[PDB]
């Protein structure tokens, strides 16, 4: 149910060399200079990869684009960080550049003023003490399926994930719209503005650095949690709908029992059709955040220096869509 590409060793080496050159010439991935240049530098990537990315983005069916075979040397990478705060390590640096180059072929990268301190390239790794939370640094508790940043109209079109290491083969989960099982009445209701979707816990002050917790953009998050506006779960074409839902942060509109039944049914059908994608070391996935929800299976964290670790990036097809929320400015979204 996804589109897959495997780099030849020569293609993988060339992409890696390009990323290393970028890491040599630019101070950081999230600086204005590399943010502007990366999409044009990405034109230098191996042609067969550029062809795959251009065409697979235009296919109607895939839930994700997956690129296999980027080499990662665990000795050069170093230990998995204890927290995302300290995760911009020299060993991970070139792979962060690599992810952004790949992302530049699909759209405009951006971050949130209220998530991981406004970073564009973010980290997914288990944090000691946070095993049973609702954020991506969880482990022992499964990360429930979700549209990334479901609460926001400016949420990503694609979510990029690059596996730095995943020694125990922990699966990312995915599901599309269960169109084979949704009856027309239920479908009709899911297309109506009868649902509430609150921001997830990654946007809370407690999950950002103490220095950031006075930022005005947390006000907007509070407003969205306290007074969510009713929206639709499904949009667009009835035979191939786009999806906006989060299994732990969605609810029906107040007292709307038909909407509740529709969401209840959708939960069961998504639970039933959820499938696994294992991102091995060096694998990159770009998840279609309109066609699919995603999550991550429960796993026992190691905390020994070799935990599963991904770099992540949010991608939009059009940054100008979010101008009302430009905060840091165009590339870091948030509102009062």
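Numbering follows the first chain given and starts at 1.
Higher mean CA B-factor, judged across 35-43 and 52-60 from the recorded values: 52-60.
Looking at 23-31 and 290-298 together, the entry lists the larger mean B-factor for 23-31, computed on C-alpha atoms. Remark: of 256, 142, 157, 74, 256 shows the highest value [criterion: C-alpha B-factor in the PDB entry].
Among 146, 85, 242, 165, the highest C-alpha B-factor recorded in the PDB entry belongs to 85. Per-chain ranking of the deposited C-alpha B factor places residue 313 in the lowest third. Annotation for residue 218: C-alpha temperature factor in the highest third relative to the rest of the modelled chain, per the entry. Among all modelled residues in its chain, residue 205 ranks in the highest third by Cα B-factor.
Residue 173: CA B factor lies in the lowest third for its chain, per the PDB record. Per-chain ranking of the deposited C-alpha B factor places residue 129 in the highest third.
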